[PDB]
Structures are given as structure tokens and as C-alpha cells.
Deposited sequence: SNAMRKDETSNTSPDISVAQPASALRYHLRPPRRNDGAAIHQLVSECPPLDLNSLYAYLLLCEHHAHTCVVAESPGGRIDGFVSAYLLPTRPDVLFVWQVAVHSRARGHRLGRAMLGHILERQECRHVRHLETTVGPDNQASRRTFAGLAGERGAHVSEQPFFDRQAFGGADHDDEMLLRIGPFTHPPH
């Protein structure tokens, strides 16, 4: 029932509002979401209802120093959109794009703002014969948030 497509500039306000309505995700500035629409649309996705509401969003980008790794920043799915495995559908949709043809690995972090994320990434990994590992994100000089590595594809 959702149409998945890359985001466009006119989606930025709505994506910022969706993220706000999906606590505990960190709410970045509206301008940051607009930059995702402007510069990263080919590696991001929105899920748009029949009536035009944006009920899902994924922000992601290839790592500049490791271009076979897709790094997933935030996954937002509105309560009204639960029970469609939308987070997994959105990640799969990104990975099937031409810009992602050489992606071997996925990385994201899981901590206070996105524990519900783990099921989404394990689902993706499961659908693609890949496996989820985890490692502490921070080193011992800093200041549990974990880097998840999902692979291979």
C-alpha cells in the first residue's frame, strides 16, 4: 500500500516531522533533512501513503572511504505504518538500486535513539543470507551504543 521512492526537496519538512513523531530517534535540524533530500536522494527512501503522507523514511549513504559499505543513519516508521515490515522493505529498496550495485556491506549504529532498529536489520540480513555482528562504537578514550555490521551481500 506504500509507494517507495527517493525523497525530493518538498519532502524535507514532512520527513523532519515524521522523525519527530518516531521517538526516540534524534531530531536533527530541518536543514539537515533537506540536505539528505538534495545530496543523498539516490541512497535514501520515503514511504508515501495513497493520500500522500510520508509514513516511512530511511537515510543512508555510501561511505566516502569505503564505497562498498552502505551506512544507514536513521530508520523512521510511523506507528500508523507498523505491521507491514516497512523498515526492511525500505532498506531492500535502497539496496536494489543501480547506485548500490557494488555494496557488499551495511553498517549502522544502535543505541538510545534506535533500539527497535535491530529487528529491521536482522530482517534485512535474513532476507539476504547475510549475518548481523556487533561491536562497541566508542573507544576507551571517549567520554551501550553498538556498531552493527550486516553482510555480505
Which runs of the deposited chain sequence never show up in the coordinates?
-> 1-25, 169-174, 185-189
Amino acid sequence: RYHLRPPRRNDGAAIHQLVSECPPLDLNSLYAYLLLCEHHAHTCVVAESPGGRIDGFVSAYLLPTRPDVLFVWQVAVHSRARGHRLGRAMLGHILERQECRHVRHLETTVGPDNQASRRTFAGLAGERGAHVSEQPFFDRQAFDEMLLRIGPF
From here on, numbers count along this sequence of modelled residues.
Going by the entry, of stretches 21-29 and 126-134 the one with greater average Cα B-factor is 126-134
Between 80-88 and 57-65, point out the one with the higher average CA B-factor as the PDB entry records it.
-> 80-88
When you compare the CA B-factors of 116, 47, 35, 44 as listed in the entry, which one comes out on top?
-> 116
Sorting the chain's modelled residues by C-alpha B-factor and splitting them into thirds places residue 16 in the lowest
What third of its chain, lowest, middle or highest, does the C-alpha temperature factor of residue 39 fall into?
-> lowest
